[PDB]
Student: 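Here it is, the structure in full.
Only heavy atoms go into these numbers, but all of them, side chains included; no hydrogens, no water, no symmetry mates. Order of the sequence lines sets the chain letters (A, B, ...), proteins ahead of strands, with each chain counted from 1. Just so you know, ligand 1 is whichever comes first in the structure, and atom 1 is the first atom listed for that ligand.
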Amino acid sequence: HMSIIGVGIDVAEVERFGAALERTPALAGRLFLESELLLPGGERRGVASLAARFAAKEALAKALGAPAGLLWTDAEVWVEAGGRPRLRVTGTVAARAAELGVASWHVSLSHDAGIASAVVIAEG
Amino acid sequence: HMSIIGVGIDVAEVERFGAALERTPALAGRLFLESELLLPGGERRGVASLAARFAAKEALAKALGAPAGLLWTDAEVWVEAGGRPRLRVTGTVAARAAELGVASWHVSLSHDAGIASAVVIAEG
Amino acid sequence: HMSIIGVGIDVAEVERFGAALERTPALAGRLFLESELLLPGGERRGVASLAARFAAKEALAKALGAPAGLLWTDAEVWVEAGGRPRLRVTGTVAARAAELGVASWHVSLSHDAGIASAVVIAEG
Ligand SMILES: CC(C)(COP(=O)(O)OP(=O)(O)OC[C@H]1O[C@@H](n2cnc3c(N)ncnc32)[C@H](O)[C@@H]1OP(=O)(O)O)[C@@H](O)C(=O)NCCC(=O)NCCS
Ligand SMILES: CC(C)(COP(=O)(O)OP(=O)(O)OC[C@H]1O[C@@H](n2cnc3c(N)ncnc32)[C@H](O)[C@@H]1OP(=O)(O)O)[C@@H](O)C(=O)NCCC(=O)NCCS
Ligand SMILES: CC(C)(COP(=O)(O)OP(=O)(O)OC[C@H]1O[C@@H](n2cnc3c(N)ncnc32)[C@H](O)[C@@H]1OP(=O)(O)O)[C@@H](O)C(=O)NCCC(=O)NCCS
Ligand SMILES: [K+]
Ligand SMILES: [Mg+2]
Ligand SMILES: [Mg+2]
Ligand SMILES: [Mg+2]
């Protein structure tokens, strides 16, 4: 009845992360899919919210043992109608997930007190 | 053998939370059951400890997909003889939990460096 | 198909933790096994990294309901070739783990923004 394959936690300082995006124009497009960079309404997603998604991808990597060769764009945080964040993995991340037998992904995000936090659990 | 239904994490800045309780007298009684507002000895529970319980309820909500209509007073953090915090859900929260098939609740709390953190896992 | 026995989260302020180690020479050897105090290369492990391991041990204790009589040196954070942190429990911690039926340990560590965080899940 055992099913947890890995867990990850990650914490990002929002202000630092925002500074990093502003300094290198190409960075946001390297870390995020077009869909993640937008709010449901169509406006550009804000720094704290992006920092939480960055934290989610770091946490996901940790859950998988963070091997080399994983692409940021092969993990996607998407959002249920109800508002709940979800992980979708493709390509390199999905391949690594399959090596370990991961069937289900669980994520939660928080951004408060200028830190963005994420927890991720991989189950299979 | 899969059993995780949801996870939640939440982080509350203690000082801000304390300020919010002081500003609106009715707030503490809206967020907490009489039992949560007391220490085992019978003295009033402190701000950092209440902030961690607030974080626990936010995390629990996230674990359930945070639908509308949940009452703060339908989630209760109680404490084992040994000191371990526990979640008890009733009414609206329990009903939502039943929709998703949640049988067991796991929580942990931390308050240090002026932030209160909670993680919650719903299993079934 | 239920298997989660406990979860723990803990957050340590790095600067405070470093101050505590410096103030009392004996503290590091009370909290850590010789192996934890070193980096893979053989150099002394740094404060933030030790703070995350301290957080891991606090989180592990929480996952077990933090009974009296557990030794810090009966929990060991070790490191896979790939870099992933792992928990190994012996003696008092393993005995408590056996009382609860714990078979598997899951940990993740983070140190950023001057806080070290750990999450631990005990499964069985
Ligand atoms: C290893 C990595 C995850 C660390 O995360 P970070 O945000 O840079 O640093 P954090 O302080 O949050 O985490 C550091 C801790 O992660 C842990 N870690 C290191 N390597 C790891 C690995 N292979 N697997 C899981 N955890 C690992 C360690 O415990 C480390 O602390 P320690 O050295 O003191 O023990 C990061 O450097 C990395 O390689 N990220 C890859 C991201 C990626 O692949 N993304 C694309 C796909 S989504
Ligand atoms: C949605 C909610 C949980 C967010 O928590 P918060 O403390 O206000 O804000 P945080 O920064 O900690 O969390 C925000 C993140 O939560 C996530 N979130 C939003 N809606 C969610 C939902 N329906 N389910 C799970 N997670 C959700 C998102 O990832 C969001 O970040 P993002 O917008 O950048 O993606 C909160 O606004 C809420 O509706 N709480 C309800 C509490 C409740 O029902 N209590 C009574 C019963 S205990
Ligand atoms: C109880 C203990 C874990 C608290 O951790 P801490 O870092 O001092 O304090 P934190 O703020 O991070 O956590 C406090 C929260 O832990 C929770 N906690 C207290 N007793 C607990 C127990 N028996 N089991 C699980 N959680 C407990 C409570 O929710 C508490 O907050 P609250 O009083 O406001 O409800 C700690 O005091 C302790 O006894 N550590 C033992 C460590 C140990 O045995 N190590 C050796 C083996 S690795
Ligand atoms: K299971
Ligand atoms: Mg990090
Ligand atoms: Mg919050
Ligand atoms: Mg602590």
Student: Using modelled atom types and a 3.5 Å cut-off, is there a donor and acceptor pairing between side-chain atoms of A:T92 and backbone atoms of A:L71?
Tutor: yes

Student: Looking at C:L64, is its backbone amide N or carbonyl O close enough to the side chain of C:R96 to form a donor-acceptor pair, meaning the two atoms are under 3.5 Å apart?
Tutor: yes

Student: Ring pair (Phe, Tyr, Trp, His ring centres under 6.0 Å) with C:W72: which residues, sequence neighbours excluded?
Tutor: C:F54

Student: What protein N/O/S atoms lie closer than 2.8 Å to the Mg ion (ligand 7)?
Tutor: C:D10 OD1

Student: State whether the side chain of A:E123 and the backbone N or O of A:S104 hold a donor-acceptor pair below 3.5 Å, judged by distance alone.
Tutor: no

Student: Would a 4.5 Å heavy-atom cut-off, applied to side chains only, mark C:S117 and C:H111 as touching?
Tutor: no

Student: Does C:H106 reach the main-chain N or O of C:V119 with its side chain, forming a donor-acceptor pair under 3.5 Å?
Tutor: no

Student: I want to check something: taking the side chain as every heavy atom from C-beta on, are B:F17 and B:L31 in contact at a cut-off of under 4.5 Å?
Tutor: yes

Student: Have a look at C:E36 and tell me which of C:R45, C:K57, C:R53 forms a salt bridge (charged side-chain N to carboxylate O under 4.0 Å, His left out) with it.
Tutor: C:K57

Student: Examine the side chains of C:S35 and C:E76 and answer whether a donor and an acceptor come within less than 3.5 Å of each other.
Tutor: yes

Student: Once rounded to the nearest 0.5 Å, what's the spacing between atom CZ of A:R88 and atom CG of A:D74?
Tutor: 13.0 Å

Student: Is the backbone N or O of A:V77 less than 3.5 Å from a side-chain atom of A:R86, with the two atoms forming a donor-acceptor pair by type?
Tutor: no

Student: Which protein N or O atoms sit under 3.5 Å from any N or O of ligand 2? Give each pair with its distance.
Tutor:
from: ligand 2; atom 1: 7 (O); to: B:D10; atom 2: OD1; distance (Å): 3.1
from: ligand 2; atom 1: 11 (O); to: A:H111; atom 2: N; distance (Å): 3.0
from: ligand 2; atom 1: 11 (O); to: A:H111; atom 2: O; distance (Å): 3.1
from: ligand 2; atom 1: 12 (O); to: A:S110; atom 2: OG; distance (Å): 3.3
from: ligand 2; atom 1: 12 (O); to: B:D10; atom 2: OD1; distance (Å): 2.8
from: ligand 2; atom 1: 12 (O); to: B:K62; atom 2: NZ; distance (Å): 2.9
from: ligand 2; atom 1: 13 (O); to: B:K62; atom 2: NZ; distance (Å): 3.1
from: ligand 2; atom 1: 20 (N); to: A:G83; atom 2: O; distance (Å): 3.2
from: ligand 2; atom 1: 23 (N); to: A:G82; atom 2: O; distance (Å): 3.0
from: ligand 2; atom 1: 23 (N); to: B:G65; atom 2: O; distance (Å): 2.9
from: ligand 2; atom 1: 24 (N); to: B:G65; atom 2: O; distance (Å): 3.4
from: ligand 2; atom 1: 31 (O); to: A:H111; atom 2: NE2; distance (Å): 3.2
from: ligand 2; atom 1: 34 (O); to: A:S49; atom 2: OG; distance (Å): 2.5
from: ligand 2; atom 1: 34 (O); to: A:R53; atom 2: NH1; distance (Å): 3.4
from: ligand 2; atom 1: 34 (O); to: A:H111; atom 2: NE2; distance (Å): 2.6
from: ligand 2; atom 1: 35 (O); to: A:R53; atom 2: NH1; distance (Å): 2.8
from: ligand 2; atom 1: 35 (O); to: A:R53; atom 2: NH2; distance (Å): 3.3
from: ligand 2; atom 1: 40 (N); to: B:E58; atom 2: OE1; distance (Å): 2.8

Student: Same cluster or not: B:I121 versus B:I5, using hydrophobic residues (I, L, V, M, F, W, Y) connected whenever any side-chain heavy atoms lie under 4.5 Å apart?
Tutor: no

Student: Distance-only, no hydrogens or angles: does the A:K62 side chain make a donor-acceptor pair with backbone N or O of A:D10 under 3.5 Å?
Tutor: no

Student: Near the K ion (ligand 4), which protein N/O/S atoms are found at less than 3.4 Å?
Tutor: A:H1 O, A:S3 OG, B:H1 O, B:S3 OG, C:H1 O, C:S3 OG

